[PDB]
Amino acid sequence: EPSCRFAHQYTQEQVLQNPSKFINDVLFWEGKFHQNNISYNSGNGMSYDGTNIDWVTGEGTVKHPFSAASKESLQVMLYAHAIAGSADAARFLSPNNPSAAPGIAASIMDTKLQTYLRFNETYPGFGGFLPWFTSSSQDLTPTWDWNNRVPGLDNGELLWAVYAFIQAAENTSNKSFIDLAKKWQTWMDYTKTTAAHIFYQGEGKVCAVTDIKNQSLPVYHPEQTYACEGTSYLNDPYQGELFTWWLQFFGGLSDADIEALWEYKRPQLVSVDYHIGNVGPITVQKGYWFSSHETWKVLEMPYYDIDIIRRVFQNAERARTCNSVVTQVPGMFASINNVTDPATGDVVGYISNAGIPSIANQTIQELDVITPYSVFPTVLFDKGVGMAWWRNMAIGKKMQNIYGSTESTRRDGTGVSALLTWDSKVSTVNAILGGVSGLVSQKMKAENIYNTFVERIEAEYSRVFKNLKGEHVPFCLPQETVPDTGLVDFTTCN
């Protein structure tokens, strides 16, 4: 039903008055991303990072033929809600026939597993984990750059997504869904046996990227070896923490090794106060850039069952929203693709360092480009405010298309990234669906690791975050619009 360019059909106040109505429109158009050659390969069930869309028409042109476990996690989390019978997930997957959404999820996940298993057989050295891969042909291959290299962070995201999906499928009592779930359990369970050998260097050090001697050799072939790539470790409270939990619960580590994990992580868990102009102080968890994407972990595990954690991450959104008002930005910041060069149709590069410098480890930041997916952590606390910010950015010229929101816009409105990715679009969708932490905590309780999670994570957070400031500071609403400098809406969405 809804117009492609629905964002400017609403006033901001109307989004706050009925978030659900607005969100219903959002999910419909975001769902159009879910098509073969746009977001995934229906032949092998594998995600693509995304695709370029034409500068003028806003139609799909040239896909990214590569992806990673990180995008798999976003896709799998969506399918977990879909197979559970979420009406919102059905709006995305199968709006014209919602009852079909579960079977669609089941079918793709079945095809997907087969591909995962063919990859494992051909490249047993990965030990059941996924590198960055090319998904444009029936069988997966590592991208050239990622031969014999595997990232802990992206896989940590995928593993808890699959964990959630298994639970959702089993919750249906549908026999074929349970059969599918058990095949995924087998895949997931295999990673438990290889995880420490591949990623755990010892003394609490976990490889960000593991270098594999030869990906064609089995994990325990006498010649196979695994070493951390340089000196980069998963030792911080961002997305990589999902993998820490994988090692702790399933890796076969000693109690001394588990204690070492948290000990080695502890110096990167830091309290700082955001305070600029009349906003703050607001006590937050110090970010890497304070890019929104750094908060990904709360989508996958029940961090917000712990009140101190819930309060610290609520403060994050006080700072995030109000930072953009006080610095007069018509959006918020996260790691994102840069603008398209209209002359070439190519994205000029990737902007990693986009966040909030004053509350960030990495203070040298590029803040000329804003993205709708920056709202995903806000959405978790307040759908209305989240969607108000989403709308403010989506109103920008070319910031909607026939596949939903566009990747990013310059905050001065002189350029746009004419691109679609899971990262910039379905991160928000998953936040709207409430993450998969519910499903995960169910299965964690059933497997009796829930209490350990709460105890450990409440201990670590309660130990550094005392005497929080700024908990009375309300979330801020957008006060500036994206300038119209002459860019013209896509001709298929205006």
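Each residue number is its position in the shown sequence, starting from 1.
Stretches 195 to 203 and 74 to 82 differ in mean C-alpha B factor, with the higher average recorded for 195 to 203.
Taking the mean C-alpha B-factor of each stretch as recorded, 56 to 64 and 427 to 435 are not equal, and the higher mean is that of 56 to 64. In the PDB entry, the Cα temperature factor peaks, among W390, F333, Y303, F177, at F177. Based on the entry's C-alpha B-factors, the most elevated value among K297, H293, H275, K398 belongs to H275. In the PDB entry, a CA B factor belonging to the middle third of its chain's modelled residues is recorded for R463. Annotation for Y10: C-alpha temperature factor in the lowest third relative to the rest of the modelled chain, per the entry. Among the modelled residues of its chain, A69 has a C-alpha B-factor that falls in the lowest third according to the deposited record. Compared with the other modelled residues of the chain, the Cα B-factor recorded for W184 ranks in the middle third. Remark: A418 belongs to the lowest third of its chain, ranked by C-alpha B-factor as recorded.
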